[PDB]
Amino acid sequence: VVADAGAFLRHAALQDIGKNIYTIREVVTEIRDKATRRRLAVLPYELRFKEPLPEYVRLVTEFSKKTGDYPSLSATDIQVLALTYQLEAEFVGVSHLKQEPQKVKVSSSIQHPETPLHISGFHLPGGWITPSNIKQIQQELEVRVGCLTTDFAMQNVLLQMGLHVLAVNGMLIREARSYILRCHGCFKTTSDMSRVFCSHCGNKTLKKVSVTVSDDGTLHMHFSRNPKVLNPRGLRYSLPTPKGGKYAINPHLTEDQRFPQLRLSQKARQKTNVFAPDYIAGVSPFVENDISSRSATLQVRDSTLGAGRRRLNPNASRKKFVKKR
Amino acid sequence: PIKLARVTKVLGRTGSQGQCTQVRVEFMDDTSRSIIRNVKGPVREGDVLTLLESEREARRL
Amino acid sequence: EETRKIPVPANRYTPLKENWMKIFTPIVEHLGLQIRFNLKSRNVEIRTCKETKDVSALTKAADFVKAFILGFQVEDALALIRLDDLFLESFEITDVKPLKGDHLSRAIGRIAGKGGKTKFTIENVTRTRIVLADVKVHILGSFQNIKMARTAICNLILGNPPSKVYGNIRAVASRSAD
Amino acid sequence: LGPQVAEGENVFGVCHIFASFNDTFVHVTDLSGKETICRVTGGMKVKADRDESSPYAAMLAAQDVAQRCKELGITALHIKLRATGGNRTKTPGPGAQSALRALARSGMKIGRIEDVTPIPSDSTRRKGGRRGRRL
Amino acid sequence: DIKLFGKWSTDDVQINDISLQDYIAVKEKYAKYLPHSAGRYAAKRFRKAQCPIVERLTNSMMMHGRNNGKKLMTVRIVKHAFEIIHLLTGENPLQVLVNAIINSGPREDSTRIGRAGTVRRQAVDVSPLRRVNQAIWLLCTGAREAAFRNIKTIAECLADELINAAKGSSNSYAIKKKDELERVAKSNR
Ligand SMILES: [Zn+2]
């Protein structure tokens, strides 16, 4: 029972479920959540710290770069993987695990990658969200040793190599359903769904591809056989000359170009929380907007705001009196 | 009818000259009615009050 | 058990998809209601269950999700869940004044102002939230606050400059015993 | 007095909630709609023309009309929300929302919510001039 | 056992009001031989509540200008008042003192809320420490007002005002001032 940081973020109190609890210092000390550090001094102390061996982290990296997941992995992640590897090797016999895993099998469909399947509240033609089910919706929930990993990359490598891992649910998991980003220029796959530029060739070219991994160790990934996904419509447009200074915003063509620092003030990024015990004493129902600061005059916006505006093609026609920032 | 009270949390200072304290009040009638009131003078966390009337609620929203 | 269904437009599908968990978590935890999103009819459907705590919470949920769909932020309709006396007046810009074409667009501009600042200024004086659909204006707040915001907006789209609007709305807020 | 219906089945009424820009109207009728059971205006509760369109007046109207339906035996109501419509504003105001919330509060089952305002195909000329309306 | 001036018991006293029980501190540990202490009580916030209430009464009746430094004189006046209270009523002077302080303290105060120009006051609740302070201040003010130009003596005046305030009759200055303050607080709303 090797606990990853995902169980600690989700308040997964599975300490009574297992007995061989082993954790890393750098998977518990980096968490900036206050409630986790609060409950850490409250939770019963039967977890213990263990260090992996350099040979086993070397082997774990050796087949993890054959799985095609090594750029997506992190150092403490490899610590967790090789810790579980060492525990299952030292307790259980080593003949269960298999190395140099299976090949991929390609089977595409007509469905869009943005089809809203496997969302709990979404239902095509009954799927309801009940307070009996709010504790149930975590993931695709299906003996002695296991993992408490929430990342798909960890589940992927642990299941390709062959360990039975589990979730916040007490029962061991069977299938892994998720999405990955694949470059369609260099054909390199990254398990990090947040990024937009690929690590290999750096173009803004990652696209979603669905991946399902069975309990045997066989993986199959579905592409989308849809002409809308691979369409060069809104891609070539005339670019402005690069401007410098403290105020210039650039069209963001590379993943690591140096942008000028344009942050928001504290009052500008306060969101009203309504379930605070002292919210009712507020003279206004809402947090007051910020108009006085210099960031308000410069029309500085959050990264989240204006997402569908970027998805419009620049070679189009907007409204006559509107200006796009 | 006169009801006893309790101070749960001091919230802030209100009034024109900052003379009043906005505070939260817990009841000693074994009820969990935490009502926000305005008091005059020095109050700290744990004080006990005497309300002439309880049906009035202070300036909320 | 009874239910309410509310529709969603095409442009409001993605904000519903992104903020979905922040929508259905207070509906199912504090109110105790079943919720789903019918994709064929494109309707958010909320029904009462056996473990619903009290009546009129379904109407709170309907107001919450409808306010989110109209364009308000998820916190601003969580305010509708918690508070009691909050309402939604909405009206067309061409209602008070017959405007055609470009003039109408300029009216929209002086509801926003530069950078939206004028709009935010009203949100500081009337203590309300305001959402601009393409020809429509939605106000969320208390009744006298909604009326104050509506007078300010109608003063803006009859030609009055923002300075007179700020002065008048601040005077009215001063006489409003706030 | 009332229908001879068992406790399992419920009877239906249609509650025309008409929230004009001066008061509110609560016109509870049969499913046919021809004959009125009750109608509580804003002006029947508050003795002030300033408070005529207040949500408090609509709340009192909804409470009184729900009491009237409980005295007769109407237990579930369909709702036809209405604004002034026509040339004027088409969207129902805060009074209609307050009346519906107060009527749902007082133990009454809600059936179908229907936004029936007299939306013109093509309007006649507006009440104001070319200058405008509402200050 | 500690006795006030070596004569007055401190274990017989009972506090009627729950609100003033924690601030009227005379009962067990705070009993002193002399009201005079010359110890700091205004150094930090809420420290004067720890101070014995007889010392508060002593410090609050030399407040007027021509007697602004004399404190042995003040505890002598308190002694004469306590003697004549004993020989009038028969109860312990600390008991009737506690009763007078409890029944003299206001419960609601009108307060100016708004701006300069709006004279409409709002009624707000009263702190228990401020209630104790105002009760002692009103008792001392009645002691001054009853002893200005007469044969009737200041310690005797404090005794009479204290008894009138404790039995609740409309003869103490504190009682009538508190009653008019309460009725205007009710009338404000
Ligand atoms: Zn690439």
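Derivation of every value follows stated rules applied to the coordinates shown; laboratory data play no part. Counting neighbours? That spans all protein chains shown, and the Cβs are built from the backbone with ideal geometry, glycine included.
Would you mind ranking A:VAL2, A:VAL165 so that the residue whose beta carbon has the fewest other beta carbons within 10 Å leads the list? Write out the running numbers ahead of the final one.
On the way: A:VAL2 29, A:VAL165 19.
Fewest to most other Cβ atoms nearby, the residues stand as A:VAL165, A:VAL2.
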Discussion item. Could you work out the relative contact order of chain C? I mean the mean sequence separation of Cα pairs under 8 Å and 6+ apart, divided by the number of residues, in percent.
Written reply: 17
Worksheet item: With each label point set 7 Å from Cα along the Cα-Cβ vector, what nm distance links E:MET63 and C:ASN19?
Response: 5.7
Worksheet entry | Cα-based helix-to-principal-axis angle, E:93-104 vs chain E, degrees rounded to 10 | 0
Item to complete: Treating the angle as unsigned and between 0 and 90°, give the value, to the nearest 10°, between the Cα long axis of helix D:55-72 and the longest Cα principal axis of chain D.
Response: 30
Item to complete: Mind checking A:129-136 for the average number of partner chain beta-carbons within 10 Å of each residue's beta-carbon?
Response: 5
Worksheet item: Rounded to the nearest 5, what % of the DSSP beta bridges within the protein assembly as shown are antiparallel ones?
Response: 75
Worksheet item: Among C:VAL44, C:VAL74, C:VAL96, whose mean-square fluctuation peaks in a Gaussian network model of chain C (Cα, cutoff 10 Å)?
Response: C:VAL96
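Tell me, A:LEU124, E:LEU138 in order of fewest to most beta-carbon neighbours within 10 Å?
Details: A:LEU124 10, E:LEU138 26.
Neighbour counts put them in this order, fewest first: A:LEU124, E:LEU138.
Rounded if a/c is under 1.5, else prolate if a/b beats b/c, else oblate: with a ≥ b ≥ c from the C-alpha gyration tensor eigenvalues square-rooted, which is segment C:1-82? List each step's numbers first, then the result.
Numbers: a/c = 1.91, a/b = 1.34, b/c = 1.43.
Oblate, since a/c reaches 1.5 and b/c is not below a/b.
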Practice prompt. Select from C:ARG129, C:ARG110, C:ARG82 the residue whose mean-square fluctuation is largest in a Gaussian network model of chain C (Cα-Cα springs shorter than 10 Å).
Written response: C:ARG82
Worksheet item: Counting other Cβ atoms within 10 Å of each Cβ, which chymotrypsin sites (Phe, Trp or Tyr not before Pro) in segment A:1-68 have at most 16 and sit in a DSSP loop?
Response: A:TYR45
Item to complete: Tally the DSSP beta bridges in chain D and give the antiparallel ones as a percent, rounded to 5.
Response: 45
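Given axes a ≥ b ≥ c from the Cα gyration tensor, I'd like to know whether chain C is rounded (a/c under 1.5), prolate (a/b larger than b/c) or oblate.
Details: a/c = 2.70, a/b = 1.72, b/c = 1.57.
In terms of gyration-tensor shape, prolate.
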Discussion item. Given points 7 Å out from each Cα along the Cα-Cβ axis, report the E:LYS29 to E:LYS152 separation in nanometres with one decimal.
Written reply: 4.1
Worksheet item: Can you pull the mean other chain C-beta count within 10 Å for peptide E:112-119?
Response: 3
Worksheet item: Taking neighbour Cβ counts within 10 Å as the exposure measure, how do C:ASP76, E:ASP12 sort from fewest upward?
Response: E:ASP12, C:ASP76
Worksheet, complete the sentence: Across 5 Å bins beginning at 0, the whole-percent shares of Cα-Cα pair distances in chain D come to 2, 11, 19, 21, 18, 13, 8, 5, 3, 1, 1, 0
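Just the number, please: Stokes-Einstein D of the protein assembly as shown in µm²/s, Kirkwood Rh from C-alpha pairs, 37 °C, 0.692 mPa s. Show your work: numbers first, answer last.
Details: Rh = 34.5 Å.
Translational diffusion coefficient: 95 µm²/s.
Taking a ≥ b ≥ c as the square roots of the eigenvalues of the Cα gyration tensor of segment A:222-282, is the shape rounded (a/c under 1.5), prolate (a/b larger than b/c) or oblate?
On the way: a/c = 3.87, a/b = 1.48, b/c = 2.61.
The shape class here is oblate.
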Discussion item. Just to be sure I understand the model, the point goes 7 Å from the Cα along the line to the Cβ. What's the resulting A:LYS246 to E:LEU88 distance in nm?
Written reply: 7.7
Practice prompt. Name the most mobile residue of E:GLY114, E:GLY90, E:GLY142, meaning the one with the largest mean-square fluctuation, in a Gaussian network model of chain E with Cα contacts below 10 Å.
Written response: E:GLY114
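I want the local charge near D:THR29. Using Cβ-Cβ distances under 14 Å, sum +1 for each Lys or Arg and -1 for each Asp or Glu among the other residues. Intermediate results must be reported in sequence, preceding the final value.
On the way: positive: D:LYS34, D:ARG39, D:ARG68, D:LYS80, D:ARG82; negative: D:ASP30, D:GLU35, D:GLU114.
Computed value for this residue: +2.
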Worksheet item: Mind checking the mean number of beta-carbon atoms from other chains within 10 Å of the Cβ atoms in E:62-70?
Response: 0
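For C:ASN43 and C:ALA112, FRET efficiency with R0 = 22 Å and r from the beta-carbon atoms, rounded to 0.05? Write out the running numbers ahead of the final one.
On the way: r = 31 Å, r/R0 = 1.40.
That pair, C:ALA112 with C:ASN43, gives E of 0.10.
Once the Cα gyration tensor of chain A is diagonalised, what are the square roots of 5 times its eigenvalues, in whole Å and ordered largest first, as equivalent ellipsoid semi-axes?
Numbers: eigenvalues 306, 168, 94 Å².
So the three semi-axes of chain A are 39, 29, 22 Å.
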